[PDB]
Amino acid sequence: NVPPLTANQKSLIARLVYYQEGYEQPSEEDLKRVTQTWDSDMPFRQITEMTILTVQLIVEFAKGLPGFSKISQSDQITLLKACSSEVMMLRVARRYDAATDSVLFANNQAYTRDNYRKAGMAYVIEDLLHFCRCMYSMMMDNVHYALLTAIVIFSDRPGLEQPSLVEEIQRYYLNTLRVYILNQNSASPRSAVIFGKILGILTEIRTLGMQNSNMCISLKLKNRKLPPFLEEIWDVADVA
């Protein structure tokens, strides 16, 4: 009837959901370390501190990803730099609460309307909330979401030494998502629609990742201190 998932694909799905659940929540030991590095500046600190912790969890998830060892060190950093901001948009949008129309991060102190308005970035949260509501309407399970995360990481980025290699790795996750949607929907015609709307998220997170790069430059112009780990992972220029 429907082409089933192979043993390699069923194990890959089980591996991705296993580790993505371990990095959903930051470590309590690493929670207090990133805060000791550096008028209240408290809303801006909580948003950045949670971003540092979550980005650190994204890198650990990406390093233990099948295929990440096959690429060179220069290509690993290129993929980690680019996917950091975009996967951040997926991590936050994954915690969208429909009832309260907000982001519930258990901590629930960083990604709030109040902290973004006090930090001067009141316009940004509405663009983020729109992506949260759009992605929430898709009703992706943890398999769609985890496979999508891997597809974001192995996307074709500018400045890659071996683009044809990363493309083969990405196709290895795309076909896993394609067959999973096929068995999930019993090869219904809507399988391409569900597979197409998921691939559409790749396009939209490009814009959010671009908004983050413009915001980091605007914060550097207004002499607001961005954490060093976020300035290096996103190549934020020390602009005047």
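We number the residues from 1 along the sequence you see.
Count the deposited residues lacking coordinates between residue 38 and residue 39 and you get 4 to 9 of them. Annotation for 207 to 215 versus 180 to 188: the higher mean temperature factor (C-alpha) is found in 180 to 188. Per-stretch averaging of Cα B factors for 99 to 107 and 140 to 148 places 99 to 107 on top. The entry assigns its greatest Cα B factor, within the set 91, 117, 81, 133, to 117. As recorded in the entry, 45 carries the highest CA temperature factor of 171, 45, 197, 70. Ranked against the other modelled residues of its chain, the C-alpha B-factor of residue 87 as given in the entry falls in the lowest third. The deposited CA B-factor of residue 160 belongs to the middle third of values across its chain.
Placement of the Cα temperature factor of residue 167 within the chain: lowest third of the modelled residues, per the deposited record. Residue-level temperature factors show residue 153 in the lowest third of its chain, judged at the C-alpha atom. In the deposited entry, the Cα temperature factor of residue 12 places it in the middle third of its chain's modelled residues.
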